[PDB]
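Q: See my_file_3.txt below, with compact mmCIF, N, CA, C and O atoms.
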# COMPACT_ATOMS: atom_id res chain seq x y z
N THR U 1 100.27 108.03 66.98
CA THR U 1 99.82 106.61 67.17
C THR U 1 101.00 105.75 67.63
O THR U 1 101.33 105.70 68.79
N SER U 2 101.64 105.06 66.72
CA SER U 2 102.79 104.20 67.10
C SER U 2 103.87 105.04 67.79
O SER U 2 104.72 104.53 68.50
N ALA U 3 103.84 106.33 67.60
CA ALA U 3 104.86 107.21 68.24
C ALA U 3 104.60 107.30 69.75
O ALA U 3 105.51 107.48 70.53
N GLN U 4 103.37 107.18 70.16
CA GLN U 4 103.06 107.27 71.62
C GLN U 4 103.87 106.23 72.39
O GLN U 4 104.01 106.31 73.60
N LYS U 5 104.42 105.26 71.71
CA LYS U 5 105.22 104.22 72.41
C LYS U 5 106.69 104.65 72.51
O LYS U 5 107.59 103.84 72.52
N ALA U 6 106.93 105.93 72.57
CA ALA U 6 108.33 106.42 72.66
C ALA U 6 108.36 107.95 72.69
O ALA U 6 109.06 108.55 73.49
N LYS U 7 107.62 108.58 71.83
CA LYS U 7 107.60 110.07 71.80
C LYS U 7 107.53 110.63 73.23
O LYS U 7 108.16 111.62 73.55
N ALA U 8 106.77 110.00 74.08
CA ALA U 8 106.66 110.49 75.48
C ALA U 8 108.04 110.57 76.12
O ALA U 8 108.29 111.38 77.00
N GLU U 9 108.95 109.74 75.69
CA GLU U 9 110.33 109.77 76.27
C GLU U 9 111.21 110.74 75.48
O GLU U 9 112.18 111.27 75.99
N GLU U 10 110.88 110.98 74.24
CA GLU U 10 111.70 111.91 73.42
C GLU U 10 111.60 113.34 73.97
O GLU U 10 112.49 114.15 73.79
N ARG U 11 110.53 113.65 74.65
CA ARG U 11 110.38 115.02 75.22
C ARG U 11 111.19 115.14 76.52
O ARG U 11 111.64 116.21 76.88
N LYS U 12 111.37 114.05 77.22
CA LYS U 12 112.15 114.11 78.49
C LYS U 12 113.50 114.79 78.26
O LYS U 12 114.13 115.28 79.17
N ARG U 13 113.95 114.81 77.03
CA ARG U 13 115.27 115.45 76.74
C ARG U 13 115.06 116.91 76.31
O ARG U 13 115.94 117.74 76.45
N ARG U 14 113.90 117.23 75.80
CA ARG U 14 113.64 118.63 75.37
C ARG U 14 113.02 119.43 76.52
O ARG U 14 113.19 120.63 76.62
N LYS U 15 112.29 118.78 77.38
CA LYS U 15 111.66 119.50 78.52
C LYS U 15 112.73 119.95 79.53
O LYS U 15 112.61 120.98 80.15
N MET U 16 113.76 119.17 79.69
CA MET U 16 114.83 119.55 80.66
C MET U 16 115.13 121.05 80.56
O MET U 16 115.57 121.67 81.51
N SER U 17 114.91 121.64 79.41
CA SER U 17 115.18 123.09 79.25
C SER U 17 113.86 123.86 79.07
O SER U 17 113.51 124.71 79.87
N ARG U 18 113.13 123.56 78.03
CA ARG U 18 111.84 124.27 77.81
C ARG U 18 110.69 123.52 78.49
O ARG U 18 109.58 123.51 78.01
N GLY U 19 110.97 122.88 79.59
CA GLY U 19 109.89 122.13 80.30
C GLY U 19 108.90 123.11 80.92
O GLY U 19 107.84 122.73 81.39
N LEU U 20 109.23 124.37 80.92
CA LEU U 20 108.30 125.38 81.51
C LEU U 20 107.99 125.03 82.97
O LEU U 20 108.63 125.59 83.84
Could the structure of this file be written out as structure tokens, please?
A:
Amino acid sequence: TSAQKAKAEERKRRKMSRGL
């Protein structure tokens, strides 16, 4: 919920590697 206002950006740092 309130995380959707940022979590989407928190993955931009984890996907850089496991972005598949």
Q: Using Å and a single decimal, report how far atom C of residue 19 of chain U sits from atom C of residue 7 of chain U.
A: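 Separation between atom C of residue 7 of chain U and atom C of residue 19 of chain U: 14.7 Å.
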Q: Let me have the centre and edge lengths of the axis-aligned box enclosing all listed atoms of segment 7-17 of chain U with 3 Å padding on every side, in Å to one decimal, as AutoDock Vina command-line options.
A:
--center_x 111.3 --center_y 116.6 --center_z 76.7 --size_x 15.3 --size_y 22.1 --size_z 15.7
Q: At what distance in Å, to one decimal, does atom CA of residue 20 of chain U lie from atom O of residue 6 of chain U?
A: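 For atom O of residue 6 of chain U relative to atom CA of residue 20 of chain U, the distance reads 18.7 Å.
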Q: Have a look at atom N of residue 1 of chain U and atom N of residue 13 of chain U and let me know their distance in Å, one decimal.
A: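 Going from atom N of residue 1 of chain U over to atom N of residue 13 of chain U, I get 18.3 Å.
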Q: Run DSSP on the backbone of this structure and report the residues of chain U it assigns to alpha helix (DSSP H), as a list in words.
A: residues 7, 8, 9, 10, 12, 13, 14, 15, 16, 17 and 18 of chain U
